[PDB]
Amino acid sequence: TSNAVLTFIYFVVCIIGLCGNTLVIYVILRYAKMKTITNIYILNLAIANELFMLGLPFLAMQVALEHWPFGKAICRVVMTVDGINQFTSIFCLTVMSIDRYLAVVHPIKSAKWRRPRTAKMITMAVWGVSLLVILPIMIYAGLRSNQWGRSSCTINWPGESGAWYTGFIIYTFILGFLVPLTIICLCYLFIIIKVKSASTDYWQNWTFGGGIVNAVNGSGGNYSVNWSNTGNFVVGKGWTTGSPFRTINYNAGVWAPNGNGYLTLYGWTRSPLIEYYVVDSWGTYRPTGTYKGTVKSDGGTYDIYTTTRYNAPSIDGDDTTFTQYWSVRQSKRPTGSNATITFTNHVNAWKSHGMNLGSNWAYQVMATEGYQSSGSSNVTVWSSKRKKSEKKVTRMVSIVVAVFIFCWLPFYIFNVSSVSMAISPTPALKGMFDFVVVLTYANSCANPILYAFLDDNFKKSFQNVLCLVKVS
């Protein structure tokens, strides 16, 4: 019997998801360490899955007896519990990713928002809207019995049988799959962008003229220069597309000019064509220009200057004319440890002086720039260094999202085809429905197994609890 196989599968899924999701609800409530923001969202996934793995034995016995014998009260609780598992589950996963977005993309502007009282308040809102969403299931859960006396537990819609069917699946498809995945996946888009634009991606090594310029392209944002020159050179690492909100970080392990050299951030806009500098250290010559004012940023104090370069080479060609905005520190910045340039502060300052930058952002790099000199410099460059702790958690949610999509999409795909349908179901199609549904039920015993493979903290808690051996 395909019932025999199906009943067996139901039952092993249930056994495994009960162990899996009880352990997960345990370790989070039993350890202080395990109570975290992501974990608070995770507990509710496990609660919903647990609630559901409890109803499964009844559904298993329906398949094995081809008959619902438990009564109308237990049917209502199983349908509510099966519905909870379809909507509360992913509604927990959407809130989980929005949380991931906010903590990577906007770590600064939503720290107050990311507190456990707000997680707990939010997670009582995840239930309220699930129960609102599954109200058709709750209200209309009941027994339908065929002419041969066998009752099946289902949702007896009030009208004609398929009338509410096409209505219902499209409701469920839109609430339980479309809208939440639309939300989820663009959360990870914007996260991919902030992760991808954090490190430097542009290497510049432009030696004009005579002398010696040995430029080294190291790992990450590292580079060094060794020069004793007679020309002009610019070496540095940065971003092919600059930003007026990027806060640039760097560390100049060596900044030893003998002669004319600048340590400086610099870049271009077009529309209008402007080259800009934020100079932090120099050699024997502090660059100036037409004085304009001062700005205080990142501990230190800079003068603002403008210059105009006539018939000079630019990113727009060999013979353009353009303005240059400068922020030159009034004294040489100490070197050797992590130093920040909060670029906005310079943009705002130039703006208040009527120096506006362009619409169209070209490159933006943290360069060593020498002018007929010698010297050495070693500089590492970056922007918004990621927290390794946070990386692994954002990786785990991404994969829990992945298995969910994998385990449920054949189901919504099977359900949406089935409205168009014109022929009565075939055994092959019937066996496909039961496989596709088993795929969804299996989803609620994966999450825990994944927590043990993708979270170290979950792995040791599981080992602590089941008295296993911790061997570094």
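In case it trips you up, residue 1 is the first one in the sequence shown, and so on.
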Review point. Which has the higher mean CA temperature factor in the PDB entry, 385-393 or 244-252?
Key: 385-393
Exercise for review: Name the higher of the two by mean Cα B-factor in the PDB entry, 219-227 versus 312-320.
Suggested key: 312-320
Practice item. Would you mind finding, among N214, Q330, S110, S373, the residue with the largest C-alpha temperature factor in the entry? Key: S110
Practice item. Sort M121, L273, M366, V234 by C-alpha B-factor from the entry and give me just the highest. Key: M121
Study note, to complete from the structure: Sorting the chain's modelled residues by C-alpha B-factor and splitting them into thirds places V400 in the middle
Exercise for review: Grab the CA temperature factor for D280 from the record and place it in the lowest, middle or highest third of its chain.
Suggested key: lowest
Point to revise | B-factor third for the C-alpha atom of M34 within its chain | key: highest
Point to revise | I16, C-alpha B-factor rank within chain (lowest, middle or highest third) | key: lowest
Check your understanding: Which third of the chain does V436 land in by C-alpha B-factor: lowest, middle or highest?
Key -> lowest
